[PDB]
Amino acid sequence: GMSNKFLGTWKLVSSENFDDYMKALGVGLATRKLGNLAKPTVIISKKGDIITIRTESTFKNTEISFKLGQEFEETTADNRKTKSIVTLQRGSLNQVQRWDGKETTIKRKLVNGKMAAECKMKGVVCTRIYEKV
């Protein structure tokens, strides 16, 4: 199943091309202004077959609870109301968000003890790297 070294609290240390990613998602100006200032905290936890990813930032908290492979509804930090699915591939937590026909993907991999999140919308590739506290 999902490796228990995902589990824990992560804080962002590196972000590349986040603004372009928000622009691809259609985030407005006022939200873009704030999103680039945030260095969120991500807390991954496991209760049975339910996985919970909680993102904490000064501007907004978000949380999603899900079972792998089972689709759920999600309101994103930027208030997209998506139907999303999380799957396990090759040690990669892979999330796909579906809304108004568009699609974006966030892939979370462990590398050297860090959590690297790759975010893909259209042709823009945002990479966000989290260190475990």
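Numbering starts at 1 and runs along the sequence shown.
Enquirer: Looking only at CA atoms, which has the higher mean B factor in the entry: 65-73 or 28-36?
Expert: Stretch with the greater average CA B-factor: 65-73.
Enquirer: Got a sec? Mean C-alpha B-factor, which is higher, 95-103 or 54-62?
Expert: Per the PDB entry, the higher value belongs to 95-103.
Enquirer: Please say which third, lowest, middle or highest, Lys46 falls into when its CA temperature factor is compared across its chain.
Expert: Answer is highest: the recorded C-alpha B-factor places it there.
Enquirer: What third of its chain, lowest, middle or highest, does the C-alpha temperature factor of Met22 fall into?
Expert: It belongs to the lowest third of the chain when residues are ordered by C-alpha B-factor.
Enquirer: Consider only the C-alpha atoms of the modelled residues in this chain, order them by B-factor as the entry records it, and name the third containing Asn112: lowest, middle or highest.
Expert: Tercile = highest for this residue's CA B-factor.
Enquirer: Within this chain's modelled residues, let me know which third the CA B factor of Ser15 belongs to: lowest, middle or highest.
Expert: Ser15: CA B-factor falls in the lowest third of its chain.
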